[PDB]
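Undergrad: Quick one: experimental structure and sequence below.
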Amino acid sequence: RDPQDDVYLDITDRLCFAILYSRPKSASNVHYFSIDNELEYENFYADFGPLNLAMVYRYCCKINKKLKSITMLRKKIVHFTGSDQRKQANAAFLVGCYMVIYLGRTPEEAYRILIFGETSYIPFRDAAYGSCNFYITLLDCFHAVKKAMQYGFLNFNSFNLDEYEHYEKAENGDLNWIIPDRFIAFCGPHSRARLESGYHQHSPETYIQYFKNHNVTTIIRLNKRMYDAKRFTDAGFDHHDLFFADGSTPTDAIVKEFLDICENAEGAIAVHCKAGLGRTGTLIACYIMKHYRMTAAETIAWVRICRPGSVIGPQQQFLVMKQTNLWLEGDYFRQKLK
C-alpha cells in the first residue's frame, strides 16, 4: 500500500511482471498493459478468484499477440497490476499459467519467479459465508494447470472459447466441462422451464440436444427432486439420484456409489445439484483424486478454474481428509485392471 512496495519481476527476456502501487512510468521502448479491469472475477461472496479457463486462455492470447506484433518487437512488454491484493493474486495467477502452459516451466519454477521480489500474495478463498476453512495457493494452481496439460484436461490448441463463454451463462444452462469428453457440471434443471427474466430455470430439454452431441450417457442428481427423472431417461439417458444434504458432505456409501456409476458409465457424465457448484464439484473432485492421483488442493483448484465457486465450506475439509483414502483406492483400482 505504498509505491515503495513496487516490484518488477522478469519473466522472459522480453516479458516483465510488475506490481505497482503508483502510476506506471512510461518509456519509448517499454509497453505497459494491465488486465485488472479486463479479466475480472465474478465473485459469489468473499471469493476473489482464481480466474476461469476462458480468461486464462484470453490472457495467453493477449501475451502471444503482443509478443508477435511488428510495432512492438523492439519493446519490453510489461504486465502490471495495482494495489488491490486480490487483483495481484489473479495477475500473478495468469503469468504463472503462461509460464506453465506456453513457456515450458515447472510449477515450482514459475512460483519461484513470482515471489522473487518477496511479494506476499494472499491465497484464494472459498465461496462460503463466514470464515474460510481452506485456502488454495498460486503453487497449488500451477500444479493443477500442469497436470491438466499432462492428462488432457486442458488443450489450448482445441479449446473453444465461444462455446465455453456461451454455456456458462445462466441463460444458456450455466454449464462447464470439468474434464473434456468426460465430466460436465450444470445448474439443477427445474421441472417446467422459466427461461424468462429474473429467472433462468431450465427444463431438461435445453440440455438434451447438447448432451447427445457430446456423448453424455449418464446423469447424476444430488439436488433434491425438482423434476421427474423420466424427462431425461426418456431420451436414452441413464439417470441416478445420489441425494444428500445440501452444502453438506457425502457419506462414503455415496462417494463409492458415485465412483461406481462413473467408473462404469459409457460416455460423459453430467452432474448437477442446485447451483451445480458445491455438491457437484465435491464429487467430481473425488473421481479425479482417485483416478488422476491429484491432491485435494490441486483438484479443487482445477475444478474452480473450470467452474468458479465449486467446493464450499466443509466440502473442502472433506476432500482434504479423504485424499489419502482415494489415492489408495485408485492405486488398488489401477492394479486390479492390470
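TA: Okay, I see it. Numbers count the residues shown, from 1 in each chain.

Undergrad: what residues are up against residue 125?
TA: Neighbouring residues of residue 125 by Cβ atoms under 8 Å, 6 or more residues apart in numbering: 46-48, 132, 135. Backbone N, C-alpha and C define where each C-beta goes, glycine included.

Undergrad: Give me the spatial nearest neighbour of it, chain neighbours excluded.
TA: The shortest distance from residue 125 to any non-neighbouring residue, by Cβ to Cβ, 6 or more residues apart in numbering, is to residue 132 (4.7 Å).

Undergrad: show me where this protein has strands.
TA: Assigned by DSSP state E, the strands in the chain fall at 7-10, 15-19, 30-33, 76-81, 175-179, 183-187, 216-221, 238-241, 268-273.

Undergrad: okay, the angle between the second one and strand 76-81?
TA: The reference is to strand 15-19. 30 degrees (axes from the mean of the first three to the mean of the last three Cα atoms, to 10 degrees).

Undergrad: same thing with the fifth one?
TA: Note on geometry: by the same axes, to 10 degrees, strand 175-179 and strand 76-81 are set 120 degrees apart in direction.

Undergrad: Run me through the strand neighbours of strand 175-179, direction for each.
TA: Strand pairing for strand 175-179, using DSSP bridges, gives strand 183-187 (antiparallel).

Undergrad: The third one now?
TA: In the sheet, strand 30-33 lines up against strand 76-81 (parallel) (DSSP bridges).

Undergrad: Identify the residues contacting the partner strand?
TA: The contact list for strand 76-81, computed with Cβ under 8 Å, 6+ apart, reads 8, 14-20, 24, 29-36, 63, 66-67, 87-88, 90-92, 94-95.

Undergrad: tally of neighbours for residue 124?
TA: For residue 124, the neighbour count with other Cβ atoms under 10 Å is 25.

Undergrad: can you pull up the bridge partners for it?
TA: Residues in beta-bridge contact with residue 124 (DSSP bridges): residue 136.

Undergrad: Quick check: it touching residue 135?
TA: Yes - between residue 124 and residue 135 there is a contact under Cβ atoms under 8 Å: 6.4 Å.

Undergrad: Residue 87 reaches residue 36, doesn't it?
TA: Yes - counting by Cβ under 8 Å, residue 87 does reach residue 36; the two are 4.7 Å apart.

Undergrad: Show me which of those two is the more surrounded one.
TA: Using other Cβ under 10 Å, the more surrounded residue of residue 87 and residue 36 is residue 87, with 20 against 16.

Undergrad: Just the closest of the contacts of residue 125 to residue 275, please.
TA: Residue 275 has its nearest neighbour among the contacts of residue 125 in residue 47, at 13.2 Å by Cβ to Cβ.

Undergrad: what sits against the closest one?
TA: Contacts for residue 47 (Cβ under 8 Å, 6+ apart) come out as 41, 124-127, 308-309.

Undergrad: now those as TSV including distance to residue 228?
TA: Below are these laid out as TSV (distance: Cβ to Cβ, whole Å):
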residue	distance to residue 228
41	37
124	39
125	38
126	33
127	30
308	31
309	28
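
Undergrad: now, the most widely separated pair of those?
TA: That would be 41 and 126, which, of the contacts of residue 47, are the farthest apart (Cβ to Cβ) at 13.4 Å.

Undergrad: more crowded one of these two?
TA: The residue with more neighbours, out of residue 41 and residue 126, is residue 126; 25 against 19, by other Cβ under 10 Å.
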